[PDB]
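Novice: experimental coordinates for this protein are included below, preceded by the sequence.
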Amino acid sequence: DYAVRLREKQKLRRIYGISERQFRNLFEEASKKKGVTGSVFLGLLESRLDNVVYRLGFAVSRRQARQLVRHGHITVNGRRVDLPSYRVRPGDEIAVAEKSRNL
Amino acid sequence: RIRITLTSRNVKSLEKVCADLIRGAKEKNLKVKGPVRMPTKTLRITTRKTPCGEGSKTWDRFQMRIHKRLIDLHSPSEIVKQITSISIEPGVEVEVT
Amino acid sequence: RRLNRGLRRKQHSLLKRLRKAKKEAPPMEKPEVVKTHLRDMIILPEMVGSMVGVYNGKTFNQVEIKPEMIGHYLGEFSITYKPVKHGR
Amino acid sequence: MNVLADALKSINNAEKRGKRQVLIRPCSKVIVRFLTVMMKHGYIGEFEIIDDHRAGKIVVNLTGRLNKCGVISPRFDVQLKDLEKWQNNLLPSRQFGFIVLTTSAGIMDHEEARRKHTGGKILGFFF
Amino acid sequence: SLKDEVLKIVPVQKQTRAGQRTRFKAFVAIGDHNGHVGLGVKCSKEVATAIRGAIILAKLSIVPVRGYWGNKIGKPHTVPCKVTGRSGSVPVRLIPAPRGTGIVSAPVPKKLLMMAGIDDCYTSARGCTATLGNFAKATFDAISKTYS
Amino acid sequence: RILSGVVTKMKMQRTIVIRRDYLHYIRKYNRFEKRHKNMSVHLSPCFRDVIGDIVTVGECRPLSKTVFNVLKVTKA
Amino acid sequence: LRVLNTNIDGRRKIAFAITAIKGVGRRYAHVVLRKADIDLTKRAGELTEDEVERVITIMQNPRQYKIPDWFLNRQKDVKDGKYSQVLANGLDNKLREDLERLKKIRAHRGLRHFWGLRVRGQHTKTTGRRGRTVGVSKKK
Amino acid sequence: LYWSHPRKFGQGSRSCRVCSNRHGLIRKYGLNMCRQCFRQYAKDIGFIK
Amino acid sequence: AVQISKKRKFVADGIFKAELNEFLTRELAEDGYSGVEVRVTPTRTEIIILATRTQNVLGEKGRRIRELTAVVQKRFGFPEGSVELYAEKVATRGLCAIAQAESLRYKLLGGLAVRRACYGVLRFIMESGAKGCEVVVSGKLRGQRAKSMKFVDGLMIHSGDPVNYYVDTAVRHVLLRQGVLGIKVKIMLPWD
């Protein structure tokens, strides 16, 4: 049963390509908040900047998305953000760097 | 005046064969002496199982019952014609004198 | 060697013949050479003084039998195998 | 044993056996009050006081409604807010059963006490 | 259809003057995960034969567990109430729990509970004997007692 | 402040024993526990108004080294 | 009666008594009596002085030790003679003296005689077998 | 001749064919090392008990 | 062996039949050697080897069978005995113990699960007729500590008691790195 639970964690985590430490802390946060933890946890992971960039199609894969954000290719509401961990909130506009647009 | 000595390991093979030898010969000439059973010799053979042998006690034991039959024929070559023509059992060895 | 019991001597022509040779005359005359096959025989004092010829595989060799030699088996004086000793 | 505990034990068992009725010998006012609560709750049918010219007797009509019931000892006092802890210990099944508590207002179910904002002492449980 | 989980298989021996005679025991749980569960324990000279016999035996005994139904109490991945059953020296305690809890129990009650289709419960083995066989019987006995 | 206690000893300048009674703090425990202390209340100057009476003691400028003054008897 | 050496048979049938002489045994005993014309059945004491003479004369003069026997072959049967005794003195002294003489001293021939191994000097590897046979090799 | 045990002469000491011991040579077998070698592998060369 | 007796040379024919069997048992083993019948006349032997795998006997385009007859003639009939030869196939090897042992042996040589190999083989010989069957592998199964695996179906255990049950018997050896495994196989045919 443990193996089952363990693998499931590993799977969900590996998709996001997030470390155990960060993965765990997010989990704890999701668990703290009101609302079903399972959904909320997914919501927070989905809120990662790198993920959103990935979701937008700016990047082919999540890893590539991470690199893009790291390189400063991505912007949030104008100011550029380098943190793949950055938490996008509703209403934020996530665009490609003007400079980077001709990459 | 020909004596037929039929011998065989298997009784049935002989009974069959000897019977033919009588019936055929019955026509060509005399009636024949009539198949006679004759006593059966029993052979006990102990032979080394392996060719090395040489006293090696590997000699397995085998016994062969050898059955016999007389049905002596006393009469002419036509009778002989009947024999050469038809043959059957391989189980039986025929001795014609 | 291994004596066993009764150091054997082939009666053969040899033992019987030997005593008779001594008896043949008063202790004196002995037949010159007595060819024998009995390589196996054990030398006995009677034999001493005589000259039995022993067979190699090949031939018969004259062996004067002495009192010192008594006990040695006949033959043993007659070597079968030729050693290979040649010039250099 | 104490009268209330005794009454609750008998009812519990007779209920278990499947008996239609039970007679509870000591018939204290407290017992009757306790019974009324169980009745309102649908745990038991009709019951009546029989005058023996002694303690009295209670004839209780068993419904087959009760899974189990008993006295809670000691009768712990409870605040208006304090009930939840007790429901966990006394009612093994969530969403089932009631706690019968005695308040200055009178004997009643915990649920009524709570609506009332009254604390009290816990007499028994039924589920 | 039914899924079969192999709870455990043991080698079990029996000493005799002649020598030890081994046989095999297998515990098998079979369940729909729709509230249908079956436990079977069958022994045989051969392991496979035992396991097969076990599954067949399990299907033979099924208990209705849990369900989502309208205008009634739903029992969504959990059990209607808390119960404790003592079989032999072994007690077993089952308590209902909210979603997300998972099945917290040792093996034995877990395997039974999972095949039961129960997703969230808090359990506790207790009493004198840890004995899995006795514990399993107790869990089964407990599951039976439950009513909605 | 104001205290209530029992007059333990009439013989001498008077004294009152103030007692506190409390239920044990943790439940499953109902030990009724008593605690007490003695204050030398000047029972009174010479009224000798107050053994066995349960009086109230009030804080006062010091009447005596030991003492609080006896405010009034709750009950004999 | 002292028929031979310091030999004295007695109180028994003569044919049996004659056996007592180291030189003679029933084969010889029967012969001497037959040639003697004396009834064997007669007890030695019973014998007649004349008979004692005839017997004594033939036994003494006609016998001694004869040609030595070869190893047992188809020939004369063997007379027993486990240990030395007095026969016609010639037998005992002659055979014993010769074999003993060499034998008494260290002489190899003497040893061979003790051993019963060939005296001639033949190998004992091969023939000269008359005696114990060959043993078997043991597991190595 | 061959049958005659004595040999006027023989060219080569030979050795047995199988192994090579010089003594125990038999012209027939060629097992010079020994007759023993021949005896062991009776099967090897057609010969009868 | 069917032949008319002969008081004079029973010795010769019986040794000869035995001598022929000797080669046939060794040289033809990987074939399913299931029986060698022999018949005789004056200076002519029939000999038929029954085999599951005829082609193994014959050889490619019938080369080996030719070797057999010639080599066999050397054993006896120095003057033209002109011993014949034949090869009939045995219908269904599942019935032949000898073959069955080989099947199991082969698998274990390969490294198959012995337990499985036993069960399947006991199944197949049972599947094609047979009153009963049994297989026993010994040696060190799976290269673990030594034991013997069983498996049986139908009459077998009981059938051993009846004499003239006519149970086909076979054995195969098995070369492994680990060591040999004997395989024995019993097939219960009708009592007759």
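Specialist: Received the coordinates, thanks. Numbers count the residues shown, from 1 in each chain, chains lettered A, B, ... in the order given.
Novice: need the contact list for the residue most central in space within chain D.
Specialist: The centroid of chain D falls nearest to residue D:34 when counting by Cα atoms, centre = their mean (4.7 Å). Counting by Cβ atoms under 8 Å, 6 or more residues apart in numbering or on different chains, residue D:34 touches D:4, D:7-8, D:100, D:107, D:123-124. Backbone N, C-alpha and C define where each C-beta goes, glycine included.
Novice: show me which of the residues you listed are buried.
Specialist: Among those, those classed as buried by 16 or more other Cβ atoms under 10 Å in any protein chain shown are D:4, D:7-8, D:100, D:107, D:123-124.
Novice: between these, which is nearest residue E:12?
Specialist: Distance to residue E:12 across the buried ones among the contacts of residue D:34 (Cβ to Cβ) is lowest for residue D:8, with 47.4 Å.
Novice: what about residue A:95, how many residues nearby?
Specialist: Counted with other Cβ atoms under 10 Å in any protein chain shown, the neighbours of residue A:95 add up to 15.
Novice: with residue D:18 instead?
Specialist: Close neighbours of residue D:18, defined as other Cβ under 10 Å, add up to 8.
Novice: what's the single longest helix in chain D?
Specialist: Longest helix of chain D, by residue count under DSSP state H: helix D:3-17.
Novice: got a list of contacts for whichever helix or strand comes after that helix?
Specialist: Counting by DSSP states H and E, the next helix or strand C-terminal to helix D:3-17 is strand D:21-24. Contacts to strand D:21-24, defined as Cβ under 8 Å, 6+ apart, come from residues D:6-7, D:10-11, D:14, D:31, D:50, D:57-62.
Novice: repeat that for 7 Å
Specialist: In this structure, residues lying in contact with strand D:21-24 by Cβ atoms under 7 Å, 6 or more residues apart in numbering or on different chains are D:7, D:10-11, D:14, D:31, D:57-62.
Novice: for the residue of chain H found nearest chain D, helix, strand, or coil?
Specialist: For chain H, the residue closest to chain D is residue H:43, as judged by Cβ to the nearest Cβ, at 90.1 Å. Under the three-state scheme (DSSP: H, G, I helix; E, B strand; the rest coil), residue H:43 adopts coil.
Novice: helix, strand, or coil at the residue in chain F that chain G sits nearest to?
Specialist: Using Cβ to the nearest Cβ, residue F:28 is the residue of chain F that sits closest to chain G, at 87.0 Å. Under three-state DSSP, residue F:28 falls in the coil class.
Novice: separation between the nearest residue to residue G:108 once chain neighbours are set aside and residue C:54?
Specialist: Leaving out its chain neighbours, the residue that sits closest to residue G:108 by Cβ to Cβ, 6 or more residues apart in numbering or on different chains is residue C:71, at 3.0 Å. Plainly put, residue C:71 is 16 Å away from residue C:54 if you go by Cβ to Cβ, to the nearest Å.
Novice: and if you look at residue F:54?
Specialist: For residue F:54 relative to residue C:54 (Cβ to Cβ), the value is 153 Å.
Novice: the more surrounded of the two?
Specialist: Per other Cβ under 10 Å, whichever of residue F:54 and residue C:54 has more neighbours is residue C:54, with 26 against 16.
Novice: doesn't residue C:36 make contact with the more buried one?
Specialist: Yes - with contact defined as Cβ atoms under 7 Å, residue C:54 reaches residue C:36; the gap is 6.3 Å.
Novice: so the residue in chain H positioned nearest to chain C is in which element?
Specialist: Nearest residue of chain H to chain C: residue H:6, at 4.0 Å (Cβ to the nearest Cβ). Assigned by DSSP H and E, residue H:6 belongs to no helix or strand.
Novice: show me what secondary structure element comes after the helix or strand where residue A:11 lies.
Specialist: Here residue A:11 sits within helix A:2-16, counting by DSSP H and E. Using DSSP H and E, the helix or strand that directly follows helix A:2-16 along the chain is helix A:20-32.
Novice: for that following helix, name the packing helices and strands.
Specialist: Packing partners of helix A:20-32 (3 or more Cβ pairs under 7 Å, 6 or more residues apart in numbering or on different chains; DSSP states H and E): helix A:37-46.
Novice: and the helix or strand harbouring residue E:30, which strands flank it?
Specialist: Take DSSP H and E as the rule and residue E:30 turns out to sit in strand E:24-31. Strand E:24-31 has its sheet partners listed here by DSSP bridges as strand E:3-10 (antiparallel), strand E:36-44 (antiparallel).
Novice: quick test: name the residue nearest the centre of the chain.
Specialist: No chain in the question, so chain A it is. In chain A, the residue lying closest to the centroid (Cα atoms, centre = their mean) is residue A:48, at 2.4 Å.
Novice: let's do chain E instead
Specialist: Central residue of chain E (Cα atoms, centre = their mean): residue E:112, 2.9 Å from the mean position.
Novice: so who does it touch?
Specialist: Taking Cβ under 7 Å, 6+ apart, we find residue E:112 in contact with E:29, E:37, E:39, E:136, E:139-140.
Novice: report the spatially closest residue to the residue in chain H that chain B sits nearest to, excluding sequence-adjacent ones.
Specialist: Closest contact between chain H and chain B, by Cβ to the nearest Cβ, is at residue H:49 (4.9 Å). In space, and not counting its chain neighbours, residue H:49 is closest to residue B:54: 4.9 Å by Cβ to Cβ, 6+ apart.
Novice: can I get the CA coordinates of stretch D:71-82 in PDB?
Specialist: Written as PDB, here are the backbone C-alpha positions of stretch D:71-82 (Å, rounded to 0.1, in the frame of the first residue of the first chain):
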ATOM      1  CA  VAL D  71     -25.800   5.600  32.000                       C
ATOM      2  CA  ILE D  72     -22.800   7.800  31.800                       C
ATOM      3  CA  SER D  73     -20.800   7.900  35.000                       C
ATOM      4  CA  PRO D  74     -19.900  10.000  36.600                       C
ATOM      5  CA  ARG D  75     -22.300  12.500  35.400                       C
ATOM      6  CA  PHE D  76     -19.800  14.900  34.000                       C
ATOM      7  CA  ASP D  77     -20.800  18.500  33.900                       C
ATOM      8  CA  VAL D  78     -20.700  20.100  30.400                       C
ATOM      9  CA  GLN D  79     -20.600  23.600  29.100                       C
ATOM     10  CA  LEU D  80     -22.900  24.800  26.300                       C
ATOM     11  CA  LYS D  81     -20.000  24.400  23.900                       C
ATOM     12  CA  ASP D  82     -18.500  21.200  25.500                       C
END
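Novice: residues of it that come out buried?
Specialist: D:71-72, D:76, D:78.
Novice: ok, residues contacting that stretch?
Specialist: Contacts of stretch D:71-82 (Cβ under 7 Å, 6+ apart): D:2, D:4-5, D:8, D:86, D:90, D:101, D:114, D:117-125, F:27, F:30.
Novice: and with 10 Å instead?
Specialist: Under the contact criterion Cβ atoms under 10 Å, 6 or more residues apart in numbering or on different chains, stretch D:71-82 has outside partners D:1-9, D:34, D:84-86, D:89-90, D:99-103, D:110, D:113-125, F:23, F:27-28, F:30.
Novice: quick one, what contacts the residue nearest the centre of chain H?
Specialist: In chain H, the centroid-proximal residue (Cα atoms, centre = their mean) is residue H:26; its distance is 2.6 Å. Shown in contact with residue H:26 (Cβ under 10 Å, 6+ apart): H:16, H:32, H:34-35, H:37-38.
Novice: buried stuff in stretch A:21-32?
Specialist: Across stretch A:21-32, burial judged by 16+ other Cβ under 10 Å covers A:23, A:26-27, A:30.
Novice: actually stretch I:126-134, sorry about that
Specialist: I:126, I:130-134.
Novice: return the closest of these with respect to residue F:16.
Specialist: Proximity of the buried residues of stretch I:126-134 to residue F:16 (Cβ to Cβ) peaks at residue I:134, which lies at 104.4 Å.
Novice: following whichever strand or helix holds that closest one, which helix or strand shows up next?
Specialist: Assigned by DSSP H and E, residue I:134 falls within strand I:132-137. Next along the chain after strand I:132-137, taking DSSP H and E as the criterion, comes strand I:152-154.
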